[PDB]
Amino acid sequence: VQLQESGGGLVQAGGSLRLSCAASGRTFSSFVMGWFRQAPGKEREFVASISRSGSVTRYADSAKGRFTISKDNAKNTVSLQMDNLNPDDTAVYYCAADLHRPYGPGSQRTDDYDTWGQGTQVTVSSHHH
């Protein structure tokens, strides 16, 4: 099972982006998927996760009330809608899958995820000029 992100890039402050992440390879079923982010010189941190069913989600404080995680189990893709971005959201965003977890949303711990994407760079310029 491999994961590939798309949708990152440079965006104006207050703009919005939708990241997506698609699974490929021999798949057994649907699985827990999550989003993490990491800026240079900083620890990788939780952003959002969703259950194998798609029914239940979790969000980091940073994402609450601005970002929305969703998934399409038919395509085994997960998406992060990111509204009202500001420069502090600048980071590389990584999608991840937990293939073990049969119940509940994804953990907030990086160590619980089997599979990682290569990341997509998101840069939020400030509004100036």
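Bear in mind these aren't lab numbers, they're just calculated from the coordinates by the rules spelled out. Cβ sites come from the backbone with ideal geometry, for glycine too, and all protein chains shown count toward neighbours.
Brief remarks on what is shown
- Of residues in region 16-26 being assigned to a loop (DSSP other than H, G, I, E, B) and either on the phi < 0 side of the Ramachandran plot or in contact (Cβ under 8 Å) with a residue 60 or more places away in the chain (or both), the one surrounded by the fewest Cβ atoms within 10 Å (Cβ to Cβ): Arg26
- Hits in region 90-129 (condition: more than 11 Å from the chain's Cα centre (by Cα) and assigned to a strand (DSSP E or B)): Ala91, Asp98, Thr115, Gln121, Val122, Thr123, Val124, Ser125
- Enumeration of residues in region 31-84 that are among the polar types (S, T, N, Q) and in a loop (DSSP other than H, G, I, E, B): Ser51, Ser53, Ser55, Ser62, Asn73, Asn76, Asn84
- Filter pass, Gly9 being within 30 Å of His127 (Cβ to Cβ) and either in contact (Cβ under 8 Å) with a residue 12 or more places away in the chain or in contact with a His (Cβ under 7 Å, 6 or more places away or on another chain) (or both): yes
- Any hit, region 75-98, residues being within 19 Å of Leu3 (Cβ to Cβ), surrounded by fewer than 17 Cβ atoms within 10 Å (Cβ to Cβ), without any contact (Cβ under 8 Å) to a residue 40 or more places away in the chain and of a type outside the set (S, T, N, Q): no
- Only one of the listed residues (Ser51, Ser62) is surrounded by 14 or more Cβ atoms within 10 Å (Cβ to Cβ), in contact with a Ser or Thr (Cβ under 8 Å, 6 or more places away or on another chain) and among the hydroxyl-bearing types (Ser, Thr, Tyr). That residue is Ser51.
- Some residue of region 2-15 being of a type outside the set (A, V, I, L, M, F, W, C) and either surrounded by 20 or more Cβ atoms within 10 Å (Cβ to Cβ) or touching a helix residue (DSSP H, G or I) at 6+ places or on another chain (Cβ under 9 Å) (or both): yes
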